[PDB]
Every structure is written in C-alpha cells, then in structure tokens.
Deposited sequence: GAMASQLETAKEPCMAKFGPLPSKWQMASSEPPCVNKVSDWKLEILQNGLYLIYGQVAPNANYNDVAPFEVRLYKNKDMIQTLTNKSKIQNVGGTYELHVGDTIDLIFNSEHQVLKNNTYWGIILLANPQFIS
C-alpha cells in the first residue's frame, strides 16, 4: 500500500497509511501539506459552491447544490485544501503514484 491519506467523513479525521517516511502532513480539517515531490492522485466525494485548492489556487470548483480531484504533479510545501462557502457524506484523500524527476 502506497503512501496515502484520507480525511473524513466526520468524525473520522485524518487517516494516514504507509506513513514511513511521510509524503503528506495533515494541517487542519480539510488541509494538508506535501512532504514529498511526486505524482499524486487526489480523490473524494462532496455531499453556493465548493472549491479545491492547491495552495493559492482553485484547481476545482463544484457549483451544483459529485466527484473531486484528479491527477497532479506536486512538490514539497504545496498545501491542498478543500474549502466550503452537509459534511458526513464528504471526504477527500490522496495517493502517491510515483516520483519521477521534475
């Protein structure tokens, strides 16, 4: 099992898996930090809008009152954030596919 985290749904919080050495670092409800460079699959389920942040940037927007994430290249210190404007049919996580170069 690769390095992977999930957060949610409540009141389960941040579950880590193959943590040693870490690839991700929880930092809040719905926010975590990238400890290692790589290719990451982000996923989840969101049960007026939701936005998915890679640090400063809205990489998804979920503007229906659905699935979340996709695949990205990420680097030490990138934060990923799932922001809200019914939180138990809601969760996201991330799995680390590979570490190329760049």
| property | result |
| --- | --- |
| Missing segments of the deposited chain sequence, listed N- to C-terminal | 1-11, 59-68, 87-89, 110-114, 132-133 |
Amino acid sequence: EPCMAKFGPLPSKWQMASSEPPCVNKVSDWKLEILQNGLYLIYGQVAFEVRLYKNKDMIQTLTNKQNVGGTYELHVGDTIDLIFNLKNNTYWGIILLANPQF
From here on, numbers count along this sequence of modelled residues.
item	value
Segment of higher mean CA temperature factor, 69-77 or 52-60	52-60
Residue selected from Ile42, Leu39, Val27, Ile34 by maximal Cα B factor	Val27
Chain-relative CA temperature factor third for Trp92	lowest
